[PDB]
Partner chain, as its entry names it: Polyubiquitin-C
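A lone chain, given as structure tokens: the form solved without its partner chain.
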């Protein structure tokens, strides 16, 4: 379990911030709303790896939701082609993602899903797929991202340098784009060392979330309500 941990009690993360007044306060408050946490490896891929694992975990045993998600994933090659990606270059990454979706359907266990996400090869193929789909979704909707995020940004350069490469860190744009590309509703809780309220953001605004993440010390960990 070197990439995604076993479930732990929320208060077990006090030990990561010993004798720290603000972090203790915020973690205690978080424990009133959430029961458990899984930690992810801080290798620069932790947003993609956490969202992918936590969303597929949320589908286990839900036959209608699995059918609808599979239908969407089957169309994603067309998003990649429309943005200029070549089939022979994305094939291995698409096939790895479709495979883990079929595991959710056929096997249906937490333990089998966690083993794929802890297999460095399978897990990194899944992350690379998610990064290419993020990039495609932004490129195909460049006017949307310039209108609503930043009129001055260079969309093609941003995707080349800050989305496609492994180990590149995320901001609001990547989170919004992957949420929209796969129709995943997610809530991010923010824990920093300023003397401020524990607070959160939902993607898209106003949705009921499937996934909850904790953003703390530049890392995305998985929460359980």
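Positions refer to the first chain, counted from 1.
Omitted here: the form solved in complex with its partner chain. The next part is about that form.
Here is the short version: of 169, 195, 29, 65, the single residue with a heavy atom within 4.5 Å of its partner chain in the deposited complex is 169. The partner is absent here; in the deposited complex, the one residue of 114, 122, 149, 101 having a heavy atom within 4.5 Å of its partner chain is 149. Figure note: of the listed segments 80-88, 140-148, 105-113, 67-75, the one touching its partner chain in the deposited complex, with heavy atoms no more than 4.5 Å away, is 140-148. When contacts are defined as a non-hydrogen atom within 4.5 Å, all of 190, 201 and 205 contact its partner chain in the deposited complex. At the 4.5 Å threshold, heavy atoms of residue 23 stay clear of its partner chain in the deposited complex, well away from it.
Although the partner is absent here, residue 182 is not a contact residue: none of its heavy atoms lies within 4.5 angstroms of its partner chain in the deposited complex. With a 4.5 Å cutoff on heavy atoms, residue 40 does not count as touching its partner chain in the deposited complex; it lies far away. The closest non-hydrogen atom of residue 176 lies within 4.5 Å of its partner chain in the deposited complex.
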